[PDB]
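Structure record follows, encoded as structure tokens.
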Amino acid sequence: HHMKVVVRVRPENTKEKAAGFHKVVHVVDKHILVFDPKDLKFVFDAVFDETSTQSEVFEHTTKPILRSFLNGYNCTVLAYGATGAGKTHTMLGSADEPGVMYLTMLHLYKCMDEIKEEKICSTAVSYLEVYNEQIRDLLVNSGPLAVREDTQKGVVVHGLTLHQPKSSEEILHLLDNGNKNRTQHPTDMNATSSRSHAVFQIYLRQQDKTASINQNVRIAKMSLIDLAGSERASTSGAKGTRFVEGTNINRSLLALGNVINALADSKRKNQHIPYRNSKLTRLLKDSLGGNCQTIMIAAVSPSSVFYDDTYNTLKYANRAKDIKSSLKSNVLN
Amino acid sequence: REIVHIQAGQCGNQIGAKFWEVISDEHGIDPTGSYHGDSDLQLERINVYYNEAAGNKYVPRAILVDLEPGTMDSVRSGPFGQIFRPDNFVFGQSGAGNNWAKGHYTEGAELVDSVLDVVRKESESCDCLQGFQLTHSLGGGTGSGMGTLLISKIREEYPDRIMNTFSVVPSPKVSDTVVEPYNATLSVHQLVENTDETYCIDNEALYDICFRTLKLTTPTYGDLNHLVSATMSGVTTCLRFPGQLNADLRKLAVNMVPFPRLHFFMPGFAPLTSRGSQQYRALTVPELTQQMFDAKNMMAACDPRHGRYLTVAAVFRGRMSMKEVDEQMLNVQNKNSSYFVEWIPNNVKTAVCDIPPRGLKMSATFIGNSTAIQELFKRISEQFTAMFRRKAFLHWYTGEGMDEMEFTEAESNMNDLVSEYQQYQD
Amino acid sequence: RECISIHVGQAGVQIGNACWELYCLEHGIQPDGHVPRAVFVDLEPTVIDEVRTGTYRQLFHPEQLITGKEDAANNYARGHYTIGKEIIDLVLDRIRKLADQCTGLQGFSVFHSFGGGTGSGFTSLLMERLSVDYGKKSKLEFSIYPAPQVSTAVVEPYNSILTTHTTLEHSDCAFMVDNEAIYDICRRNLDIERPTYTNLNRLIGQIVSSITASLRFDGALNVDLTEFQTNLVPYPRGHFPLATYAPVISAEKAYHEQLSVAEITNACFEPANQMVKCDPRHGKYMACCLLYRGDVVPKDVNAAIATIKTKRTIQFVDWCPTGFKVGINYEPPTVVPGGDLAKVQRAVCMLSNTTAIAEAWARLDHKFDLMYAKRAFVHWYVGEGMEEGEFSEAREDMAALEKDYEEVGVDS
Ligand SMILES: CC(=O)O[C@H]1C(=O)[C@@]2(C)[C@H]([C@H](OC(=O)c3ccccc3)[C@]3(O)C[C@H](OC(=O)[C@H](O)[C@@H](NC(=O)c4ccccc4)c4ccccc4)C(C)=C1C3(C)C)[C@]1(OC(C)=O)CO[C@@H]1C[C@@H]2O
Ligand SMILES: Nc1nc2c(ncn2[C@@H]2O[C@H](COP(=O)(O)OP(=O)(O)OP(=O)(O)O)[C@@H](O)[C@H]2O)c(=O)[nH]1
Ligand SMILES: Nc1ncnc2c1ncn2[C@@H]1O[C@H](COP(=O)(O)OP(=O)(O)NP(=O)(O)O)[C@@H](O)[C@H]1O
Ligand SMILES: Nc1nc2c(ncn2[C@@H]2O[C@H](COP(=O)(O)OP(=O)(O)O)[C@@H](O)[C@H]2O)c(=O)[nH]1
Ligand SMILES: [Mg+2]
Ligand SMILES: [Mg+2]
Ligand SMILES: [Zn+2]
């Protein structure tokens, strides 16, 4: 159905305490939120409170992943929100906390392990970034790998290395290499800003076997998206590489925002939603556009500077809610 | 502000001789001579196309990129041919084979670094760079392959500075080459994704507009090229003049591209009257908009009457009322509300220079972003599949280190580019 | 006492050269006399260069002529954020260097052209940085808002919904002169299908002279600049009166010139004479500052206005008993030696807030939506340090300007 929108907040930050300013968004109930000035009541499929932990985001986020994986439906996950707001603390985890990427990989590994015999999966692991709208493999560090389409259509990056999980932990070790391998530079706003969008996919051919020979396989790729946080001109405050990087992030997010509006109405008519606008949205065309399910974790936070960021995170929630996907089967023979 | 022209391939070169033949007289620059300029205004802004060295030798700041010696050796051995500093000639005495793959991957790919070298010597000239002019044909090796590479590298070195492209899209009726859609579909692919302003010209749309709108019975190439070079002077150099309302490449870009594809335009000149007789001087202004907005008179092949507009830019250059200009444009927008798209309240971008084309009273360059150009990338994309299906002359590409997926890619891309353009015709 | 001026954008500079021309022309200060009291800002050198090349060349300091050799761009974002940022400091420095030299000033008469790049975007932050550095003054911005059908830029509304929202919280009183509804005056009230831009500029160059020039000049009923925003703005929105002139007669054609007060005042409220396509279609006036100049008896006025107060088809607002600031000056107008302006011995430069701009704003807002509804030229601003925020959140802004200009009138 429609992608599920989850609103995730972060404990009061030094900045928030210093403002002393009401929380931007306060949840009356975990699902119900009130946004600041006015008399704004939003409802979601789910929301999380500032008290609500990453481990609540874990359970809630991974349950639709379990469903989609047993269905064979590709899982996509979008962490959206500005820098600072909690995309990495959700996705990566806190340092202490297991992250959603580890918990969903443990979850996937669980889905295959629970039933090894019917479901024999191969996992291939493909961690990439989108930096300056160039795609690079994080695991093989090289020049940006050429973008191709498949013979039919759908955009694939050739040369994204695969690995199979030796253990669950071994993916974390390689994935931390992928997490350093994305471009990062410190900012005033973040201890470390992601300069790029990061996309952990895996290629799971999961042969279900029947009779002597074989049944159908379900094919899932799953996708963890750590978007870069948006910045602004006045927020960047630095020209040069910092501006061009920040403007390159902002063009890609606009392209994505146009895609979401076009899906909601103009795609219901036709092709029009512009998958072409970014490298991410070209690969996302066969990922989301090819199959359900997606989930967006809109990270917000209660700072006053994050007001434009978080408000436009919740505007993005309305846009992603306005997106209805049908569920779509994914089967190979 | 500034720009640095680029003469990719023979055609883009041959035209370079005509673009610079013109512009120089539009700037009083004799062969190696200086500014003889009949006025004093044709000099406060020249820097856009030249450099100061001697004090009489303002050299054109272009690049001459070609794998065929005999070509640049005809442009350098003729009229204004002795104005380019020899450093500008980036030749490739290799076999300039008519293959897009031979000028983009195998033979052009070597000569590129010795080009980028100079494109940087000229960009790091002085003041502030605006962008680069690019001339070429989408129907050959050194044009569509090597010249499309030159830009894919330029757009990585300065994703800030603009990129105007003057492409000679393969004319319908007769193709002046055989693999044409191969060299073409492969370059348009690069164009849609690097340059951000393209002005597509058709050797036969010109012949028509040059044999019926000029009673000219023997339209040599020098003429076609001359006509084209007349528009690209009303675009750039022109707006680097004063005006009641002036623009510049960005205004033209920032008013004309609703969607980042880049979009391709269709230039049209204003006073296009045969010599002696037709010198009717019916150029008050309603006669220029009469001109520019007709079907015929669009240097493109396609007819605007076959598809809405997204933007228009009447870049006038000749003293006129900002009322009889800004007015006329309106009635034009209402007589043809049918074809003009609606989700843009004012499609038209009126622009007004002061000084006109040297010897004329009043002109106006037209830069139309119509959805009608859909019916050309259709054409090209058809000719592709009809021959790509049988891999026709494909062994000349693969045998040069190409890919069977590379042709697939370009067609599909540029074939999608057709799709999108229809999304606004509706 | 004084009022600096900041002519921003090519157009705000062309109008600036013109208003600046009419000045010395009525003050006996030829090409090379005193010193101006203003600055000139543009991100396109070639235009401010027309003030450096053309007439009035040496009447300026190369210090009050700011340029950014770089790029203009017909987009707000670039001109506000990205590019126009780099210049602002330097710009400010002059309106802080020129603001210091004087003696107890009153404000800055800003000149900008709403739907431009340098005129929209840059000034948006210039006025921005002023309302903080001198919140204790007058900020009267003289705008040339978008022609109602004869716009130029394709994006115009993007640039003018963004200059309005950013300046709104920063101006004191925004004068407005519509470029197209002036051409009607050049066609209908002067007869000429040859109106160069150089003429509309002579005309605003006139109405404006009535504002500062002659009013800061002694008279029988002086009107400070503060007096305006006081007697002219009912509410803190940087409210936008309309400029109008009376003896807009042709200096060649007709000649009834001798058109005693009783006539020139009635010629202001007829909608075909108001430098604005905001024809009083319903818009109740709420305050008018009739600036007269020349030979005018205060009874002729305190009677020629009384007749008007009782025309009722001129319906003033309810909550406004009397909304007529009579400003009388002495020195008659001063027409260009041989332009096309009549040359009378009296004029009426009436300006006013009308509920009428409830229209003009509406029609300009609706424009914006049609393109924003498809993002049109949005990628041109986002790529220039803006967001879905500043558009959608400046749209919501003017939305409460369609409701504001509705609620302050139409109701009792
Ligand atoms: C006596 C007289 O007035 O002669 C005119 C003339 O007869 C006409 C027919 C000219 C003539 O143009 C052509 O015949 C022509 C030939 C090949 C391709 C295209 C056009 C003219 O040759 C062209 C020439 O154009 C210019 O001088 C412009 O500055 C033009 N220059 C060039 O194209 C140029 C030509 C040779 C060498 C260097 C420059 C220009 C236009 C736009 C931007 C920059 C420059 C003009 C007015 C004339 C002649 C000389 C007969 C016309 O063309 C132009 C571009 O103005 C053709 O229709 C117009 C109307 C003119 O009245
Ligand atoms: N009255 C009057 N209006 C003018 C004049 N020049 C331009 N305009 C109007 O102002 C707008 C044009 O703004 P532009 O000249 O495009 O831009 P700008 O505001 O100078 O700044 P940039 O976009 O960065 O160049 C249009 O609506 C014109 O009709 C002028 O001299 N007088
Ligand atoms: N819910 C959370 N609980 C506690 N602290 C958090 C939480 N979420 C984020 N923070 C902290 O806030 C800071 C920024 O979080 P981070 O996840 O890196 O932001 P981001 O949204 O991904 N930034 P960027 O890549 O530039 O987008 C880090 O120090 C996090 O540990
Ligand atoms: N207008 C125009 N077209 C030209 C000229 N020369 C070649 N062409 C066109 O260019 C195409 C051929 O490509 P060509 O320029 O020979 O390629 P290259 O030289 O190998 O890069 C044909 O469609 C020709 O009509 C010219 O001087 N003017
Ligand atoms: Mg982050
Ligand atoms: Mg300008
Ligand atoms: Zn008389």
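Condition first: in a helix (DSSP H, G or I) and farther than 15 Å from B:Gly141 by Cα. Now tell me which residues in segment B:396-406 satisfy that. If you could, list the steps in order and put the result at the bottom.
Keep residues of segment B:396-406 that are in a helix (DSSP H, G or I), which gives B:396-398, B:404-406.
Answer for segment B:396-406, where residues must be in a helix (DSSP H, G or I) and farther than 15 Å from B:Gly141 by Cα: B:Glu404, B:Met405, B:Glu406.
Can you find a residue that is assigned to a loop (DSSP other than H, G, I, E, B) and within 21 Å of B:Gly92 (Cβ to Cβ) anywhere in segment B:156-165? I'd like the intermediate steps shown before the answer.
Initial filter on segment B:156-165 (assigned to a loop (DSSP other than H, G, I, E, B)): B:158-161.
Next cut, within 21 Å of B:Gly92 (Cβ to Cβ) only: none.
Checked against the condition, which is being assigned to a loop (DSSP other than H, G, I, E, B) and within 21 Å of B:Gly92 (Cβ to Cβ), segment B:156-165 yields no hits at all.
Return the residues of segment B:99-129 that are more than 18 Å from B:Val48 (Cβ to Cβ) and crowded, with 21+ Cβ neighbours inside 10 Å; say none if nothing qualifies.
Matches in segment B:99-129: B:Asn99, B:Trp100, B:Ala101, B:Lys102, B:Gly103, B:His104, B:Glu107, B:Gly108, B:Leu111, B:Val115.
Of the numbered conditions (1) more than 12 Å from chain C (Cβ to nearest Cβ); (2) among the charged types (D, E, K, R); (3) in contact with a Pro (Cβ under 8 Å, 6 or more places away or on another chain), B:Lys323 satisfies every one except a single condition; which is it?
That leaves (1) as the condition not met.
Output the residue which, of all residues in segment C:175-200 that are farther than 12 Å from C:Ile144 by Cα and polar (S, T, N, Q), is farthest from the other protein chains (Cβ to nearest Cβ). Show your work before the answer.
The initial filter retains those residues of segment C:175-200 that are farther than 12 Å from C:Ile144 by Cα, namely C:183-199.
Then drop every residue that is not polar (S, T, N, Q), which leaves C:189, C:196, C:198-199.
Working: C:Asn189: 14, C:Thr196: 6, C:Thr198: 8, C:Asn199: 9 Å.
Only one residue fits best here, namely C:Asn189.
Failed condition for A:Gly93, given (1) outside any helix (DSSP H, G or I); (2) over 19 Å from the mean Cα position of the chain (by Cα), with all others met?
Among (1) outside any helix (DSSP H, G or I); (2) over 19 Å from the mean Cα position of the chain (by Cα), the lone unmet condition for A:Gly93 is (2).
Per-residue answers, yes or no, for (1) β-branched (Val, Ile, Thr); (2) within 16 Å of ligand 1 (Cβ to nearest atom):
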position: B:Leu138; (1), (2): no, no
position: B:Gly145; (1), (2): no, no
position: B:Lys153; (1), (2): no, no
position: B:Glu156; (1), (2): no, no
position: B:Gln190; (1), (2): no, no
position: B:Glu197; (1), (2): no, no
position: B:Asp208; (1), (2): no, yes
position: B:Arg212; (1), (2): no, yes
position: B:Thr220; (1), (2): yes, yes
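Scan segment B:111-168 for residues that are farther than 14 Å from B:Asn194 by Cα and within 14 Å of chain C (Cβ to nearest Cβ) and report the count.
Final tally of qualifying residues: 5.
Kindly state which helices (runs of 4 or more DSSP H) lie completely within segment C:70-163 and contain at least 2 residues that are within 14 Å of chain A (Cβ to nearest Cβ) and surrounded by 23 or more Cβ atoms within 10 Å (Cβ to Cβ). Steps first, answer last, please.
Values: elements: C:76-80, C:82-101, C:123-133.
Here the list reads C:76-80, C:82-101.
Yes or no: C:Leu43 more than 14 Å from chain A (Cβ to nearest Cβ), more than 16 Å from ligand 6 (Cβ to nearest atom) and either crowded, with 16+ Cβ neighbours inside 10 Å or basic (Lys, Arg) (or both)?
It is false that C:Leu43 is more than 14 Å from chain A (Cβ to nearest Cβ), more than 16 Å from ligand 6 (Cβ to nearest atom) and either crowded, with 16+ Cβ neighbours inside 10 Å or basic (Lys, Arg) (or both).
Sort out for me the helices (runs of 4 or more DSSP H) sitting completely within segment C:284-384 that have 3 or more residues that are within 14 Å of another protein chain (Cβ to nearest Cβ). If you could, list the steps in order and put the result at the bottom.
Details: elements: C:298-309, C:357-372, C:379-382.
In segment C:284-384, the matching helices (runs of 4 or more DSSP H) lie at C:357-372, C:379-382.
Taking segment B:184-226 as the search range and keeping residues that are within 13 Å of the chain's Cα centre (by Cα) and over 21 Å from B:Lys18 (Cα atoms), which one is nearest to ligand 2 (Cβ to nearest atom)?
If we take residues in segment B:184-226 being within 13 Å of the chain's Cα centre (by Cα) and over 21 Å from B:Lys18 (Cα atoms), then B:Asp196 is nearest to ligand 2 (Cβ to nearest atom).
With respect to the numbered conditions (1) under 19 Å from the mean Cα position of the chain (by Cα); (2) more than 14 Å from chain B (Cβ to nearest Cβ); (3) more than 16 Å from ligand 3 (Cβ to nearest atom), which one is the sole condition not fulfilled by A:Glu118?
(1)
Is at least one residue of segment A:253-265 in a helix (DSSP H, G or I), more than 16 Å from ligand 6 (Cβ to nearest atom) and farther than 30 Å from A:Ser68 by Cβ? Even if it seems obvious, please write down each step before you answer.
Here is the first cut: in segment A:253-265, the ones in a helix (DSSP H, G or I) are A:253-265.
Checking which are more than 16 Å from ligand 6 (Cβ to nearest atom) leaves us with A:253-265.
Cutting the leftovers down to farther than 30 Å from A:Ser68 by Cβ gives us none.
No, the conditions are met nowhere in segment A:253-265.
On the basis of being closer than 24 Å to B:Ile154 by Cβ and either surrounded by fewer than 16 Cβ atoms within 10 Å (Cβ to Cβ) or not assigned by CATH to the domain that holds B:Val235 (or both), does B:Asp40 make the cut? Walk me through it before giving the result.
On the way: closer than 24 Å to B:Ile154 by Cβ: no; either surrounded by fewer than 16 Cβ atoms within 10 Å (Cβ to Cβ) or not assigned by CATH to the domain that holds B:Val235 (or both): yes.
For B:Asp40, the condition - closer than 24 Å to B:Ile154 by Cβ and either surrounded by fewer than 16 Cβ atoms within 10 Å (Cβ to Cβ) or not assigned by CATH to the domain that holds B:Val235 (or both) - is not met.
Here are A:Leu224, A:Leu280, A:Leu288: which of them is away from chain C (no Cβ under 14 Å) and closer than 27 Å to B:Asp426 by Cβ?
Numbers: A:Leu224 fails: closer than 27 Å to B:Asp426 by Cβ; A:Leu280 fails: closer than 27 Å to B:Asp426 by Cβ.
On inspection, the qualifying residue turns out to be A:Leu288.
Quickly run through segment B:290-316 and pick out the residues that are of a type outside the set (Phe, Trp, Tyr), within 14 Å of chain C (Cβ to nearest Cβ) and under 23 Å from B:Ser233 (Cβ atoms).
Initially, segment B:290-316 is screened for residues of a type outside the set (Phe, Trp, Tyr), giving B:290-292, B:294-308, B:310-315.
Next, from what is left, pick out any that are within 14 Å of chain C (Cβ to nearest Cβ): B:308, B:310-315.
Within segment B:290-316, B:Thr311, B:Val312, B:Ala313, B:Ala314, B:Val315 meet the criteria.
Taking B:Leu249, is it within 14 Å of another protein chain (Cβ to nearest Cβ) and farther than 29 Å from B:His104 by Cβ?
Working: within 14 Å of another protein chain (Cβ to nearest Cβ): yes; farther than 29 Å from B:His104 by Cβ: no.
So B:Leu249 fails the test.
Looking at B:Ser337, B:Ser370, B:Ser381, can you tell me which residue is surrounded by 15 or more Cβ atoms within 10 Å (Cβ to Cβ), out of contact with any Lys or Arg (no Cβ under 9 Å at 6 or more places or on another chain) and more than 10 Å from every other protein chain (Cβ to nearest Cβ)? Show your work before the answer.
On the way: B:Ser337 fails: surrounded by 15 or more Cβ atoms within 10 Å (Cβ to Cβ); B:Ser370 fails: out of contact with any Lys or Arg (no Cβ under 9 Å at 6 or more places or on another chain).
Matching residue, one of B:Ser337, B:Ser370, B:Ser381: B:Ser381.
Would you point out the residue of segment B:232-259, among those that are touching a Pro at 6+ places or on another chain (Cβ under 9 Å) and over 21 Å from C:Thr152 (Cβ atoms), that is farthest from ligand 4 (Cβ to nearest atom)?
Let us first name the residues in segment B:232-259 that are touching a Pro at 6+ places or on another chain (Cβ under 9 Å), namely B:232-235, B:238, B:259.
Within this subset, residues satisfying the condition of being over 21 Å from C:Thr152 (Cβ atoms) are B:232-233, B:259.
Details: B:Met232: 12, B:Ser233: 15, B:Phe259: 28 Å.
Among those that are touching a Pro at 6+ places or on another chain (Cβ under 9 Å) and over 21 Å from C:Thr152 (Cβ atoms), it is B:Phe259.
Does at least one position in segment C:3-23 carry a residue that is among the β-branched types (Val, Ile, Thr), within 14 Å of chain B (Cβ to nearest Cβ) and either part of a helix (DSSP H, G or I) or buried (at least 24 other Cβ atoms within 10 Å of the Cβ) (or both)? Don't jump to the end; show me each part of the working.
Let us first name the residues in segment C:3-23 that are among the β-branched types (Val, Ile, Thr), namely C:4, C:6, C:8, C:13, C:15.
Narrowing the set further to residues that are within 14 Å of chain B (Cβ to nearest Cβ) leaves C:13, C:15.
In the following step, the residues that additionally are either part of a helix (DSSP H, G or I) or buried (at least 24 other Cβ atoms within 10 Å of the Cβ) (or both) were identified as C:13, C:15.
The answer is yes, given that some residue of segment C:3-23 is among the β-branched types (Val, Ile, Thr), within 14 Å of chain B (Cβ to nearest Cβ) and either part of a helix (DSSP H, G or I) or buried (at least 24 other Cβ atoms within 10 Å of the Cβ) (or both).
Between B:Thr273, B:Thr177, B:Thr231, which is among the polar types (S, T, N, Q), at negative phi, out of contact with any helix residue (DSSP H, G or I) (no Cβ under 6 Å at 6 or more places or on another chain) and assigned by CATH to the domain that holds B:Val312?
Values: B:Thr177 fails: assigned by CATH to the domain that holds B:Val312; B:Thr231 fails: assigned by CATH to the domain that holds B:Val312.
Exactly one of B:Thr273, B:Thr177, B:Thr231 is among the polar types (S, T, N, Q), at negative phi, out of contact with any helix residue (DSSP H, G or I) (no Cβ under 6 Å at 6 or more places or on another chain) and assigned by CATH to the domain that holds B:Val312, namely B:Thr273.
Among the residues of segment A:22-42, count how many are surrounded by fewer than 16 Cβ atoms within 10 Å (Cβ to Cβ) and outside any loop (DSSP other than H, G, I, E, B). Please lay out each step first, then the result.
At the first step, the residues of segment A:22-42 found to be surrounded by fewer than 16 Cβ atoms within 10 Å (Cβ to Cβ) are A:22, A:26, A:28-29, A:31-32, A:37-41.
So of that shortlist, the ones also outside any loop (DSSP other than H, G, I, E, B) come out as A:26, A:32, A:40-41.
Matching residues across segment A:22-42 total 4.
Out of all the residues in segment C:295-336, which are surrounded by 12 or more Cβ atoms within 10 Å (Cβ to Cβ) and basic (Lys, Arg)? Before the answer, list the steps.
Here is the first cut: in segment C:295-336, the residues surrounded by 12 or more Cβ atoms within 10 Å (Cβ to Cβ) are C:295-298, C:300-301, C:303-305, C:308-309, C:314-320, C:323-336.
Selection gives C:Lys309, C:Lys325.
Going by the structure shown, is B:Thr350 touching a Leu at 6+ places or on another chain (Cβ under 7 Å) and crowded, with 22+ Cβ neighbours inside 10 Å? Even if it seems obvious, please write down each step before you answer.
On the way: touching a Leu at 6+ places or on another chain (Cβ under 7 Å): yes; crowded, with 22+ Cβ neighbours inside 10 Å: yes.
Here the answer is yes, as B:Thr350 does meet what is asked.
Give the residue that is nearest to B:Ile201 (Cα to Cα), with candidates limited to residues of segment B:351-367 that are within 14 Å of chain C (Cβ to nearest Cβ) and touching a strand residue (DSSP E or B) at 6+ places or on another chain (Cβ under 6 Å).
Kept after step one, since they are within 14 Å of chain C (Cβ to nearest Cβ), are these residues of segment B:351-367: B:351-355, B:362, B:367.
Narrowing the set further to residues that are touching a strand residue (DSSP E or B) at 6+ places or on another chain (Cβ under 6 Å) leaves B:351-353, B:367.
On the way: B:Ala351: 22, B:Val352: 24, B:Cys353: 24, B:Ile367: 12 Å.
Selected residue: B:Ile367.
Give A:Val156, A:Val140, A:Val125, A:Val130 a once-over and let me know the one that is in contact with a helix residue (DSSP H, G or I) (Cβ under 6 Å, 6 or more places away or on another chain), under 20 Å from A:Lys221 (Cβ atoms) and not in a helix (DSSP H, G or I). Steps first, please.
Values: A:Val156 fails: in contact with a helix residue (DSSP H, G or I) (Cβ under 6 Å, 6 or more places away or on another chain); A:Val140 fails: in contact with a helix residue (DSSP H, G or I) (Cβ under 6 Å, 6 or more places away or on another chain); A:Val125 fails: in contact with a helix residue (DSSP H, G or I) (Cβ under 6 Å, 6 or more places away or on another chain).
On inspection, the qualifying residue turns out to be A:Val130.
Of these, A:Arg242, A:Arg232, A:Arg205, which one is of a type in the set (D, E, K, R) and more than 14 Å from every other protein chain (Cβ to nearest Cβ)?
Details: A:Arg242 fails: more than 14 Å from every other protein chain (Cβ to nearest Cβ); A:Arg232 fails: more than 14 Å from every other protein chain (Cβ to nearest Cβ).
Answer to the selection: A:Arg205.
What is reported rests on the model, the rules as stated and the sources as named; no laboratory instrument gave them. Methodologically, a virtual Cβ is constructed for each residue, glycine included, from the backbone with ideal geometry; neighbour enumeration extends over all protein chains shown.
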